[PDB]
Structures are given as C-alpha cells and as structure tokens.
Amino acid sequence: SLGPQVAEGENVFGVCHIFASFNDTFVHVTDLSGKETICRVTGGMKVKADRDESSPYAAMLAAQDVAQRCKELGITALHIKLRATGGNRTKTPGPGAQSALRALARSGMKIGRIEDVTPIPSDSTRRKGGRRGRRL
Amino acid sequence: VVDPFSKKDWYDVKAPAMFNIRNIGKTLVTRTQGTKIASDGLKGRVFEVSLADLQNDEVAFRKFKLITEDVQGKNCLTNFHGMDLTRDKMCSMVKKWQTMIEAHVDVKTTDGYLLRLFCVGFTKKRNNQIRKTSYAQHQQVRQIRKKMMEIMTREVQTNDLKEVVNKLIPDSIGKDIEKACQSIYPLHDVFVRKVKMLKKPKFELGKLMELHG
Amino acid sequence: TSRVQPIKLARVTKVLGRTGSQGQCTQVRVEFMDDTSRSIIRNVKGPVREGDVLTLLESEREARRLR
Amino acid sequence: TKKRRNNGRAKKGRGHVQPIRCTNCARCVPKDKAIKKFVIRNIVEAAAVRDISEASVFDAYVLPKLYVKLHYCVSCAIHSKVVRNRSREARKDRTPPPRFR
Amino acid sequence: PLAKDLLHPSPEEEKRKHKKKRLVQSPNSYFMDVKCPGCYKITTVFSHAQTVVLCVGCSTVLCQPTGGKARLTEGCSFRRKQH
Amino acid sequence: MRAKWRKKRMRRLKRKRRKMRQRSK
RNA sequence: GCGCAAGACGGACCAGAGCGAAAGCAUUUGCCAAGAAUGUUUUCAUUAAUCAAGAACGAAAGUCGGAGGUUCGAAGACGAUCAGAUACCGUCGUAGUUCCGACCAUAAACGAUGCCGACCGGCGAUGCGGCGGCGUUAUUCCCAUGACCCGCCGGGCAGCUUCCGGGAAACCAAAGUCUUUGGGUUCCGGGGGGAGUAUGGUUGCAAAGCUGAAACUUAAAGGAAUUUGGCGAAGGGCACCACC
Ligand SMILES: [Zn+2]
C-alpha cells in the first residue's frame with residue numbers, strides 16, 4: 001500500500017489519461033506500463049445534474065479527487081495524455097481538459113511530458129448522419 | 001468496499017546497456033497466490049518512454065517501446081520493441097506547398113528479429129528561391145523512394161539489433177539520407193518515423209543478459 | 001475547498017472600457033505595491049480615479065468580458 | 001443573375017472532386033468549395049501557463065501545440081461568424097485580413 | 001505600334017520569334033561535323049540526331065539521343081559549317 | 001408549386017392508370 | 001493496455017494543380033497497352049471540317065443470381081419537441097452501401113454559353129518540353145547533368161486591367177470583328193398554361209427512357225438594374241416615453 005521511493009531524493013512518474021469530449025470528461029490514471037490502474041473519476045460523480053457533465057467545476061472536482069487519491073497513495077509526478085473524443089467525430093477537445101489540467105496543477109502535483117494521444121484515423125467510414133448534415 | 005492495495009507489490013525494471021539511464025519508472029503488481037503467479041503478469045508489458053529519460057542532454061522528441069522478457073525477483077529485464085516520434089512533431093513538420101515522400105521495407109536482421117522501418121522526407125526550399133510552389137515530378141519521387149529503400153535496407157540486414165539501434169540513437173541513417181539524396185532534389189527533413197517489430201526468435205537468456213552488460 | 005487568500009493591496013494606473021451585460025462592470029489595470037511586477041485585471045462597480053489605491057482579498061484568477 | 005467571376009469554388013478543369021465532411025455539421029460539401037482552417041492552439045493559451053511551467057519537473061520545458069484542422073459547411077461557417085458578407089465593389093478581394101496576433 | 005514596319009526589322013526580332021512566325025521562312029537547326037580525339041576519320045551529324053551514332057571504324061560512340069539537340073561525347077572538337 | 005413532387009405524384013397516377021388499363025380487360 | 005478477426009476507405013501532404021471524350025481518377029510495388037504537347041532540312045501527298053442511318057462509353061438510385069456484408073442509412077419500430085408532427089432530434093432498424101456478372105440510359109451530366117479555322121492590346125504568374133545567359137549546390141579544375149535565378153518559344157486551366165469593341169444590363173478578350181447585316185457546318189424556339197399530358201409506335205422481365213397532341217382558358221407570364229422599404233441578416237451609434 002506504500003512505496004519504497006523516498007520523498008527527498010526524487011519524485012515518482014506515472015501517466016494519467018484525460019478524455020474530454022463536448023459532453024463528458026474522464027480522468028483516469030494508471031501505472032507507467034499502462035497494465036494496471038490506480039483510480040478513476042468522471043465528471044458526473046458528485047454533481048447528479050446531467051447539465052454539468054461538461055463544466056469546469058466537474059473537471060476541477062475530478063482533478064481534486066485524483067489529487068487526494070494520489071497524495072494518499074504517494075504518486076507525485078504525472079504525464080498528461082489528452083484525448084478529445086476518439087474516432088472520426090471531432091478533433092478539437094472541449095474546455096474541460098483545460099480546467100482539469102489547471103486543477104491538477106493547482107493542487108500541488110508535478111508534471112512531466114504532455115502530449116496528445118487522440119486516435120486519429122487515416123480516414124474512417126461514413127459519419128453518423130446524413131448527406132445534408134445534422135441540421136437543426 | 002475494501003481496498004485491494006493490501007495485495008499490491010512494488011517492482012522495478014532495468015534498461016539495457018544500449019541506453020544510459022538504468023531506471024525509468026515503477027510498476028505496481030499484485031501478489032502471488034500460487035494459482036495466480038505474478039511472473040507472467042510482468043511478461044506482457046510495454047513501457048512507453050522518451051529520449052531524455054534514457055540518454056543524456058540532447059533533443060528529445062522520440063519514443064521507445066520496451067517489453068520485458070524475464071524476471072527473477074525485485075528486478076525486470078527489458079529489450080527493444082519499437083521506436084516512434086512525437087505526434088506533435090509529425091503534425092508540425094507537415095507544411096503547406098511542400099511534398100512528402102514515404103517508404104517502407106520489411107527488412108530482416110542477422111538473427112530472427114524482423115523489423116518494419118518507416119521513413120518520411122520533406123523537400124527543402126532554397127534561400128534564393130522566389131517561386132512558392134516547389135514541387136517534384138513523380139519519377140524524381142520514385143527514384144528517391146528507391147534510393148531510400150535501398151539505403152534503409154542495407155543498414156539493417158548486415159547487423160544485429162543492438163548495433164543498428166546504436167546507429168539509430170543518433171541520426172546516422174538520416175545523415176546518410178540527406179547525404180545521398182541532395183544530388184537529385186534538395187530535401188532537409190528526414191526522420192525514421194516508426195520502427196515496427198513483427199517476429200522474434202526463440203526466447204533465451206544470454207542475449208537478454210548481454211544487452212544489459 | 002481549503003484555500004488560503006492572503007491580504008494583498010492594489011493601486012490602479014490605467015482604466016480599460018466598461019463591460020457587462022447591461023454595461024456597468026469596469027475593466028481596470030491595477031499595480032501592486034507589495035511588488036512592482038504583477039498586474040491583474042478584474043471587474044469593479046463604482047467610481048475609480050486613476051492613481052487610487054484599491055482593496056483586494058484574493059488574487060488568483062482574471063476576469064471574463066461579459067459572460 | 002450570375003453572381004461571381006468563378007463558380008464559387010476551385011473547380012475549373014475537373015468537373016468533380018472528392019467530398020469532405022463538416023465538423024459542427026455533416027454536410028457532404030466538396031473540398032474545393034468548403035472553408036478550411038489551419039488553426040494552431042497551445043495546450044494552455046493564457047490561463048495557467050505559469051502554473052504549468054512552475055509545476056514542471058524538467059528544467060526549460062516548453063508546452064507543445066495542437067495542429068488540427070476543421071472543415072466547415074457554408075451555413076455552419078456563416079452561423080459561427082467565420083466568414084462575413086461584404087459589398088459588390090470590394091467583392092474581388094482575395095487578399096486575407098492582416099495577421100498580428 | 002501604329003506604323004509598325006514589317007518589311008525589314010532587326011535580326012534579333014526574327015531571332016526571338018518562332019521558326020514559322022518568321023516572315024522569311026527558315027529553320028533554326030543546322031549541320032555539324034565532329035571527330036574522335038584518337039582517330040583520323042571525321043564524319044558529319046545533324047544537330048538533332050534522334051538515333052545513337054558512332055564514328056566510322058567502330059571505335060567509340062559519338063552522340064546520344066535527347067529531346068533537344070544531341071549532346072556530344074566529352075573531349076571532342078567541332079565547328080559549325082555553313083554555305 | 002415545385003416540379004419534383006408534382007412529377008412524382010403524377011407519375012404515381014400514371015402508374016395507376018397503366019395498371020388500370022392493363023387489368024381493365 | 002496487449003493480441004486475434006472481418007469489412008470499408010486512402011486524411012493531413014492536396015493547390016483557383018495534373019490527366020482523360022465525358023461520367024470521373026490519390027498506399028507503395030511489378031506487368032501490358034494507349035495518348036496530348038515539345039523537337040525534327042524524315043516519310044504518304046489533299047489523306048480535310050461538321051455530321052441524318054447506325055455504334056461505343058456513361059455518377060447515384062433502380063431490378064434479376066451468388067460468397068460476404070464493418071460503419072452509415074430509405075420504408076418501419078420506440079421516446080422528447082409541438083395547440084396538433086405520422087417533421088427537425090436521439091436509439092434500433094430491412095432493402096441497399098463494397099465485389100463478381102445481366103440490364104434502363106436518366107441529373108443544376110451547367111462553363112445554365114456547339115465544332116473547326118483567321119484576326120484584333122498589355123501586365124505578372126503556374127504546368128510540360130525545348131532554348132540562351134550572371135552566380136551557388138553532388139570533397140574545392142572542366143563537361144553535360146538534378147535543383148536556384150534571369151529572358152525566349154508552343155499548346156492548356158487561368159488571374160488583373162483596358163470608353164478596342166459588344167450587350168437591355170448584369171458581364172464578355174470573347175458572349176468581339178453585325179443595317180458598314182454573307183467563313184464552313186450539325187442540333188434547336190416563337191406570349192403563358194394545358195402538357196412532356198392522352199393515344200399510337202418504340203426499347204425494357206422491372207421501373208420508365210425516346211417520339212409526342214387536341215379542346216378550352218388566359219393579357220400577361222418572364223430577364224436586367226435603381227430609389228426608403230422589409231428582414232428570428234451582418235456591422236456601428238442613440239434614448240430613462242429603454243436598461244443597469
Ligand atoms: Zn457546418
């Protein structure tokens with residue numbers, strides 16, 4: 001339950017995935033190999049309202065949950081792996097990833113290499129919708 | 001309900017002597033319960049790293065795939081599994097009004113290691129140039145691709161994995177590419193974008209020990 | 001949420017335009033006298049002359065334009 | 001009434017090009033007719049860049065960017081105020097607006 | 001030009017124009033002769049060969065077929081003949 | 001009154017007249 | 001996060017760029033066949049242009065027979081929106097979407113502009129081939145070679161400007177060289193509906209394609225552009241009969 005790494009010498013380095021669509025925010029953290037996890041949290045955990053599933057406050061609360069879990073487990077340095085939606089739907093992520101990362105940096109953890117792990121296709125199949133589009 | 005962190009060990013891995021930095025990170029595997037040994041659970045693992053975490057102070061935008069092979073207690077031994085660049089660098093080097101040349105040869109090494117080396121190339125705009133187009137004809141790209149495939153398959157089929165990796169830690173293949181291809185049309189940006197492994201020989205221990213020293 | 005906000009003092013030098021939904025929030029540029037390196041922009045309701053000291057209790061976030 | 005010098009796209013010797021898909025819409029507008037955008041965005045623009053830099057373990061570490069592009073249908077682009085209409089006397093102005101920041 | 005005289009302009013004017021737009025009709029290509037540096041016999045060849053040609057005595061090939069004028073073998077002396 | 005659905009309905013009544021003339025014997 | 005399996009597609013590189021008669025065409029490699037342009041002091045010598053009969057090709061959708069059908073998705077099924085939706089929206093969903101055959105020959109298949117040939121201005125670019133001319137790059141001297149630059153030639157998509165000129169004007173370097181009316185030639189239309197309708201012929205398994213009326217009503221139906229409109233159009237300014 002406790003690690004043998006010393007808090008005075010250096011800091012441990014894990015990786016954490018953030019999946020931030022236009023209506024959902026996932027904050028997941030695993031080990032460096034990615035085989036086993038540490039903890040996970042969604043946007044709609046404590047706020048039971050659906051309308052706050054894509055909000056700065058839900059991402060901030062999720063990052064605070066990861067902050068408390070990693071502080072009681074002893075995980076300090078993280079690599080942020082950002083994913084927008086996955087697939088052929090969109091490419092630009094929403095505003096929840098910004099609030100999640102600034103709340104991770106607000107709590108007191110340390111960060112390393114940050115990059116984008118969005119599953120970009122060469123070109124996928126037909127998009128969900130019609131020829132004329134999703135008009136409304 | 002109950003936290004399973006009571007059954008949670010703490011192991012460490014060791015980089016081969018082909019790198020410089022020995023320790024790259026830590027893993028958290030569960031305990032051994034006889035019918036569920038944790039030895040095989042450390043086998044199927046791929047570790048994702050960067051270049052500054054393994055070598056000395058230089059530029060660092062490359063990734064290396066590291067897979068474990070054998071464990072004996074409180075340590076792990078890994079080996080080369082693949083190489084890749086940064087997606088940010090790949091999507092930054094794609095310039096408008098410039099062409100891109102790619103090639104691949106499934107080249108086999110001296111031993112049973114079979115790799116799949118990818119390459120990428122962008123042409124160079126001269127300082128004296130006024131025309132903004134700067135494209136190349138199809139036969140020029142074909143001959144450049146033929147030369148690139150021949151040079152890339154020459155440097156791998158003659159040596160083992162360790163020697164071509166030690167040639168791949170600096171830019172030697174790329175330095176050969178902009179040495180040999182500037183005679184037909186000047187190009188400036190060639191990185192080995194991805195190296196994919198397909199098959200391995202029979203598993204042993206002397207090779208695993210000799211990559212670590 | 002367990003955050004501490006130290007008492008910091010500000011002094012305005014330049015005033016930007018007046019924003020808001022109905023047009024009452026005033027964008028100002030303050031200058032700290034605890035250090036002469038940090039300047040933050042917020043929303044203030046009331047008359048402010050340039051060169052007047054302003055009261056603050058928390059300072060970590062800037063201000064949006066309207067909403 | 002004919003409106004423009006061209007047909008409103010980049011088709012002049014082909015007849016047919018490959019169709020693309022919009023981002024906020026899903027219209028199968030052709031590639032030479034649609035509106036493209038090569039936007040560059042940092043991971044942190046101006047919100048907590050100092051908080052990100054001071055939390056970085058590695059000395060002299062620079063944040064990367066996100067080089068992604070979007071395709072717009074015409075109604076989607078005019079609804080998002082991307083393009084704007086103008087008069088007839090200045091309609092033959094292919095030159096883009098100037099870039100400063 | 002209004003009173004542009006098309007009777008006899010400068011020869012640069014007929015030089016820059018096309019071979020068929022020229023008011024006196026004459027081509028631009030010519031005949032030439034060239035030898036081998038280690039031989040005695042010298043033969044004549046057209047400016048645009050369109051076939052590979054070797055000098056007589058079957059010693060060394062002379063020209064190469066190109067899209068334009070035929071390029072000569074390196075180290076060969078020649079001069080343009082005219083009449 | 002546009003031509004497309006007008007032509008479609010009038011083609012439908014054309015087919016109805018065709019089948020009626022076919023089975024009218 | 002690691003493997004297995006199937007089907008579809010080849011982004012960014014991709015442009016007012018290329019090719020082809022058009023519909024259309026973008027992973028690398030290997031084979032076959034065709035072709036524009038360029039160059040030519042090579043050959044036949046009027047072989048020429050357009051075309052009723054007749055013929056080839058032809059996006060999607062549609063019908064007949066198959067292995068196999070990821071994703072999307074007519075008709076349909078289930079909920080919210082709505083005074084009322086059997087519409088917009090979401091989740092499933094058959095035929096279809098991909099391949100091999102067998103068919104109809106329809107699009108805004110539009111550059112809403114037939115083909116050939118001659119002529120009348122300029123500017124600066126891009127693509128191909130050829131050509132002349134400073135200077136750089138493939139171990140430091142020469143040669144042609146690939147690239148860079150400065151000019152020329154021919155064909156093609158073109159861009160800007162032009163009291164050449166034309167047009168009712170939008171606009172056009174052709175939509176010009178036209179009452180100062182004649183270069184050759186194929187198709188095609190006389191106010192608007194009825195109506196691309198009924199009949200007849202024709203092709204087709206199948207939908208329909210081609211051909212193509214009459215009676216009666218009608219003085220307007222239409223094209224260009226101007227003036228304040230009127231916009232759940234955009235962008236500025238003002239008012240306590242508006243707001244904070
Ligand atoms: Zn859109």
# chains A, B, ... in the order shown; residues from 1 in each chain; ligands from 1
call {"tool": "residues_around", "arguments": {"residues": "region 60-76 of chain E", "least_positions_apart": "6", "cutoff": "9 Å", "atoms": "only C-alpha atoms (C1' of nucleotides)", "output": "list in words"}}
result
residues 29, 34, 35, 36, 37, 45, 46, 47, 48, 49, 50, 51, 52, 53 and 54 of chain E; 38, 39, 129, 130, 131, 143 and 144 of chain G
call {"tool": "interface_residues", "arguments": {"of": "chain D", "to": "chain A", "cutoff": "10 Å", "atoms": "only C-alpha atoms", "output": "ChimeraX atom specification"}}
result
/D:21-29,41,43-45,47-58,61-70,73,75-76
call {"tool": "select_by_dssp", "arguments": {"residues": "chain D", "states": "strand (DSSP E)", "output": "PyMOL selection string"}}
result
chain D and resi 35-42+65-72
call {"tool": "write_last_selection", "arguments": {"atoms": "N, CA and C atoms", "output": "compact mmCIF listing (two decimals), in the first residue's frame"}}
result
# COMPACT_ATOMS: atom_id res chain seq x y z
N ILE D 35 -14.78 25.61 -46.59
CA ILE D 35 -13.89 26.54 -45.91
C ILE D 35 -12.99 25.74 -44.98
N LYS D 36 -11.69 25.91 -45.14
CA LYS D 36 -10.70 25.24 -44.31
C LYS D 36 -10.15 26.21 -43.27
N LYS D 37 -9.48 25.65 -42.26
CA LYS D 37 -8.83 26.46 -41.24
C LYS D 37 -7.65 25.69 -40.67
N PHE D 38 -6.46 26.28 -40.75
CA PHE D 38 -5.24 25.72 -40.17
C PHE D 38 -4.99 26.48 -38.87
N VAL D 39 -5.67 26.07 -37.82
CA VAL D 39 -5.58 26.75 -36.53
C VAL D 39 -4.45 26.11 -35.72
N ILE D 40 -3.71 26.94 -34.99
CA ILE D 40 -2.70 26.49 -34.05
C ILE D 40 -3.14 26.89 -32.65
N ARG D 41 -3.16 25.93 -31.74
CA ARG D 41 -3.59 26.16 -30.37
C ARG D 41 -2.63 25.46 -29.42
N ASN D 42 -2.16 26.20 -28.42
CA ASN D 42 -1.37 25.59 -27.36
C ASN D 42 -2.26 24.78 -26.44
N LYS D 65 1.88 22.13 -28.93
CA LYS D 65 0.68 22.71 -29.51
C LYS D 65 -0.22 21.60 -30.06
N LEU D 66 -1.30 22.01 -30.73
CA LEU D 66 -2.26 21.08 -31.33
C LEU D 66 -2.54 21.56 -32.75
N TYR D 67 -1.89 20.94 -33.72
CA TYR D 67 -2.03 21.32 -35.13
C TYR D 67 -3.14 20.46 -35.73
N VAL D 68 -4.38 20.88 -35.53
CA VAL D 68 -5.54 20.20 -36.10
C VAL D 68 -6.29 21.18 -36.99
N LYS D 69 -7.02 20.63 -37.95
CA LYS D 69 -7.75 21.43 -38.92
C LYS D 69 -9.21 21.00 -38.96
N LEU D 70 -10.07 21.95 -39.30
CA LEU D 70 -11.51 21.73 -39.32
C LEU D 70 -12.05 22.12 -40.69
N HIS D 71 -13.14 21.46 -41.08
CA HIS D 71 -13.82 21.74 -42.34
C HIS D 71 -15.23 22.23 -42.02
N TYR D 72 -15.64 23.31 -42.67
CA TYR D 72 -16.93 23.93 -42.42
C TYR D 72 -17.80 23.89 -43.67
call {"tool": "residues_around", "arguments": {"residues": "residue 146 (chain G)", "least_positions_apart": "6", "cutoff": "7 Å", "atoms": "only C-alpha atoms (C1' of nucleotides)", "output": "short mmCIF file (atom, residue, chain, number, x, y, z; two decimals) with N, CA, C and O atoms, in the first residue's frame"}}
result
data_model
loop_
_atom_site.label_atom_id
_atom_site.label_comp_id
_atom_site.auth_asym_id
_atom_site.auth_seq_id
_atom_site.Cartn_x
_atom_site.Cartn_y
_atom_site.Cartn_z
N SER B 183 21.57 15.22 -54.34
CA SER B 183 22.05 15.36 -55.71
C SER B 183 20.92 15.43 -56.72
O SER B 183 21.13 15.91 -57.84
N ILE B 184 19.72 14.97 -56.37
CA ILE B 184 18.63 14.98 -57.33
C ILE B 184 17.63 16.11 -57.03
O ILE B 184 17.18 16.79 -57.95
N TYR B 185 17.28 16.33 -55.75
CA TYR B 185 16.46 17.48 -55.38
C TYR B 185 16.69 17.72 -53.90
O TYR B 185 16.57 16.78 -53.10
#
call {"tool": "interface_residues", "arguments": {"of": "chain B", "to": "chain A", "cutoff": "10 Å", "atoms": "only C-alpha atoms", "output": "ChimeraX atom specification"}}
result
/B:3-11,24-30,41-42,44-50,61,66-67,86-88
call {"tool": "interface_residues", "arguments": {"of": "chain F", "to": "chain G", "cutoff": "12 Å", "atoms": "only C-alpha atoms (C1' of nucleotides)", "output": "MDAnalysis selection string"}}
result
chainID F and resid 7 10:15 17:18
call {"tool": "interface_residues", "arguments": {"of": "chain G", "to": "chain C", "cutoff": "12 Å", "atoms": "only C-alpha atoms (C1' of nucleotides)", "output": "ChimeraX atom specification"}}
result
/G:242-244
call {"tool": "residues_around", "arguments": {"residues": "residue 86 (chain D)", "least_positions_apart": "4", "cutoff": "10 Å", "atoms": "only C-alpha atoms (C1' of nucleotides)", "output": "MDAnalysis selection string"}}
result
(chainID D and resid 90:91) or (chainID G and resid 234)
call {"tool": "residues_around", "arguments": {"residues": "residue 235 (chain G)", "least_positions_apart": "6", "cutoff": "12 Å", "atoms": "only C-alpha atoms (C1' of nucleotides)", "output": "ChimeraX atom specification"}}
result
/D:81,84-86
call {"tool": "atom_distance", "arguments": {"atom1": "CA of residue 120 (chain A)", "atom2": "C1' of residue 97 (chain G)"}}
result
24.0 Å
